[PDB]
Every structure is written in C-alpha cells, then in structure tokens.
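Just one chain is shown here, as structure tokens, and it is the form deposited in one PDB entry.
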C-alpha cells in the first residue's frame, strides 16, 4: 500500500510505476552510514506508514546490507536490497528479519566460474584465498564439485594468505603458484594489495587468467588502478539490468506479497508507531519468498539471496572498463562469446 524507494545519484526521481493501491515514496540521499540508514528508515516509518522498502546503493560497503538486515528486524519492515552494498551477499538473513537481496551466493558464483573453465578447457588451476569470511565455503564447494565431477581437473594445493599487508609473506605465498588459471577469493580492499603485488612478480600479464567472484569486482563503476587488464569476474552487477527495472522488480515483489497477504488475511500489517520512545502477528515473510513477476523467477532463499540471480561474466579491458562477455542467467547454462 505504502512503499518507499531510496537510491543514489544518477538518473533518478520520477516516482511511480492489483487490489492494493501503491503510494510510492521516492527519496535520494548521498549518505549511507549507520546513523543515516537508521534515521531515514525511521523518519520514513514515522511519517507515511510504509509497508515495505526498496533500497538501492552506489557503494562497495558490504556493511550497508548488514545495517538494513538489522533495521528490518527492529521495525518489521520488509526491505529489498536492490543494488550496491545493499545487494552484496555476505551474512545470512536474520530469521526474524524480512530483508532480501538481489544477489547471488558464493556457491552460485563458483558454479559459473567452473563452467567458464570447463568451456575453455582450463583443467589446471590454483586456488588463492585469504582468511576473509566465506573462503572456507569457497574452497569446499570447489573441492567437492571438482572431486564429484568427472571433468578430471588438476588442482594445486590451496594457497592461503593469512594477513594482507604481508609484504614479503604475500610475495612468498604468490611464488607457490605454478598454474596459468588462478581463482582468487578475497575482499576488494584485499585484492588491491594482492594484485598489485602479483603484478610486480609478473603474474598479472595475459600469460595468466585471474578469475575473481563479485566480492572482488564489487561495484562495476569503481575500478582500482591495481586491477590488471584481462581480469575475469562473475558478478551480479549487470549493467543491462536497469535501476528502473530493478526497483520495478522490488515493487512487484512487495505488491504481490501484499495482495497475497490480503487474500489469506483480511488486513495488511500497519506500520510500527515509532523507532524511539518505548510486535506484528503476521508479516509478508511467507508471501515474498516465492513471487513471479513478468516471467522472471524472483524467489528468495531462507538465507536471503535470490534463487535465480542474474549472473554475468565480465572482463576488464585495457580501456579500464568492465565488458559484459557472458551470461549464465538463462536455462541454467553459461552463454559466453558475446
């Protein structure tokens, strides 16, 4: 009934798009810090009585999704991570929360990376990870899939870097690599220091193939100078997926869950009174987990991410631009050679 949309500066601000009447609230802000996030959602909750939030972001701060998950469990407001740090998948959604993201899990991304290597017949590869959260899930999914498949891969023992800022230690660990294809798992800030160190050792030239998940690429509009030309990445930051289309999917999920909740129950949960000063019987949690909109499956997992996210293989050309070179999204298959 009442839905708000928060975005970042770019082309923006033109407001609106079944039984419910949808009053969309469109506001923009350049500040995305814990206090600014809480204040805007609370001020928005205190005036307008919003039933769901569509939030998009233009940063690399994965902790924005951490704050939106916290806000969603404290105000009982369904929040949809649409773009930016709000959509980066790191922590599992809180069970009581109603915060879902247009993002892909690490297991879904590594599925794309292995299909890339299978196409180009890259059976020999090395694994370079840090102690960053998620690296153990990354190694497991790759070890089990490689050992369970019959592609007959060769995988070097995983090279692990405990501290970035390592100076010689990074240099000593990077020398253990003896493969042409390298799967690197680390944060975007950790990748700057590692790839800059790998370039000095002559490991970033077109002799090698570096494949990194969306954690390293992050926002496709911010490219550090230390990223080498020819860097392969699997990310869900589709440039072709428009912000206008994303917020439309966000609105379509909430309105469908609203009318579905208006069919099983005779009322829509009224917004909370206030964030400050002093629980709902039913929420849209079970109604927006499975929702189809315009022939696109927008279902969410219990952990928070999408079941059918729009994965895209991107490459970094010498012009310092990410080039969409492949798409996995259709019929469970990677279509490269774009």
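Each form is matched to the other, and the largest set of C-alpha atoms that superpose within 1.5 Å is called the rigid core. Shifts are known only where both forms have a C-alpha. Residue numbers count along the first chain shown, from 1.
Missing deposited residues between residue 278 and residue 279: 4 to 9, all without coordinates in the entry. According to the entry, the deposited sequence has no residues without coordinates between residue 323 and residue 324, so the chain runs continuously there. Averaged over CA atoms, B-factors in the entry run higher in 117 to 125 than in the other of 117 to 125 and 82 to 90. On average the C-alpha atoms of 161 to 169 have higher B-factors than those of the other stretch, with 131 to 139 and 161 to 169 being the two compared. When the C-alpha B factors of 206, 102, 241, 227 are read from the deposited coordinates, the top value falls at 241.
Ranked by Cα temperature factor within the chain, residue 76 sits in the lowest third according to the deposited record.
Among the modelled residues of its chain, residue 221 has a C-alpha B-factor that falls in the middle third according to the deposited record.
Among the modelled residues of its chain, residue 236 has a C-alpha B-factor that falls in the middle third according to the deposited record. Among all modelled residues in its chain, residue 266 ranks in the highest third by Cα B-factor.
Per the PDB record, residue ranking by Cα B-factor puts residue 314 in the lowest third of the chain.
Another form exists, deposited in another entry; not displayed. Remarks below refer to it.
Residue shifts between the shown form and the other one, rigid core superposed: of 156, 163, 140, 180, the only C-alpha displaced by 2 Å or more belongs to 163. Core-aligned CA deviation for residue 330 between the shown form and the other one: less than 2 Å.
A decrease of at least 3 Å in the separation of the C-alpha atoms of residue 152 and residue 139 is found in that other deposited form, compared with the displayed form. Whereas the shown form places them at one spacing, the Cα atoms of residue 311 and residue 152 lie at least 3 Å closer in that other deposited form.
Core aligned; runs of 3 or more residues with all CA shifts at 2 Å or more between the shown form and the other one: 10 to 15, 150 to 152, 162 to 166, in sequence order.
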